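When we follow PDB author numbering, the leftmost residue of the sequence shown carries the number 1, and every step to the right adds one.
In what follows, a structure is listed as structure tokens, so that the remarks can point back to it.
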Amino acid sequence: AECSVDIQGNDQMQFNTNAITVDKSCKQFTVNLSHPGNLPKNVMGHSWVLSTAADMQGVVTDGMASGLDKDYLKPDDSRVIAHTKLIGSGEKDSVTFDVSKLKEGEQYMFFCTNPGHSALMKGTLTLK
Ligand SMILES: [Cu+2]
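What follows is the structure in structure tokens.
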């Protein structure tokens, strides 16, 4: 499964990876996120967002201020490189983005923007 990754958000507020790797070769990269467990959207909801390590906190803060009705993310947030939808147990989501967006010298992070979550649920993304 080149140019893509299979990542899970669970009931204990953890992704199963903190380091994701993007093959330089890919024009596009796709992230398939799922949520093993039994806790629902309003209780243990997860989403995957991508941004530079520097923009992460503004993205989490304004996301948080973007309610559960907007999937806890400022719609059309410019610092958001890519993002999945917010999901609960049993559900799945996927997203594909343009590798060209990943620029050089940049530090990228992925993180869940549900309140209380981003601290634990985060890892780096590196264009190798
Ligand atoms: Cu989460």
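Backbone N, C-alpha and C fix where the C-beta goes; we use that ideal spot for every residue, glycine too.
Terminal residues of the continuous alpha helix (DSSP H) containing residue i?
{"i": "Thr61", "result": "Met56 to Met64"}
{"i": "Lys41", "result": "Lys41 to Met44"}
Assuming residue i and residue j are in contact, meaning their beta carbons sit under 8 angstroms apart, how far apart are those beta carbons, in whole angstroms?
{"i": "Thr84", "j": "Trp48", "result": "4 angstroms"}
{"i": "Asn38", "j": "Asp11", "result": "7 angstroms"}
{"i": "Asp76", "j": "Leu86", "result": "The Cβ separation is near 16 angstroms, so there is no contact."}
{"i": "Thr96", "j": "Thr21", "result": "Between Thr21 and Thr96 the Cβ distance is about 16 angstroms, and since that is not below 8 angstroms, they are no contact."}
Find the nearest neighbour of residue i within the set the options, judged by alpha-carbon distance.
{"i": "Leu102", "options": "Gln8, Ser25 and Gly9", "result": "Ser25"}
{"i": "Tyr108", "options": "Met121, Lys92, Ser94 and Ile81", "result": "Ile81"}
{"i": "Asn32", "options": "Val99, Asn114 and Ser94", "result": "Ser94"}
{"i": "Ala54", "options": "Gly9, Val99 and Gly105", "result": "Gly105"}
{"i": "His46", "options": "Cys3, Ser4, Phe111 and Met56", "result": "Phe111"}
{"i": "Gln57", "options": "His117, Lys128 and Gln8", "result": "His117"}
{"i": "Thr126", "options": "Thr52, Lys74 and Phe15", "result": "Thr52"}
Does the Cβ of residue i have 16 or more other Cβ atoms within 10 Å, making it buried, or fewer, making it exposed?
{"i": "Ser78", "result": "exposed"}
{"i": "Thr61", "result": "exposed"}
{"i": "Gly67", "result": "exposed"}
{"i": "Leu120", "result": "exposed"}
{"i": "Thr113", "result": "buried"}
Which stretch, first to last residue, makes up the beta strand (DSSP E) that contains residue i?
{"i": "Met109", "result": "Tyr108 to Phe111"}
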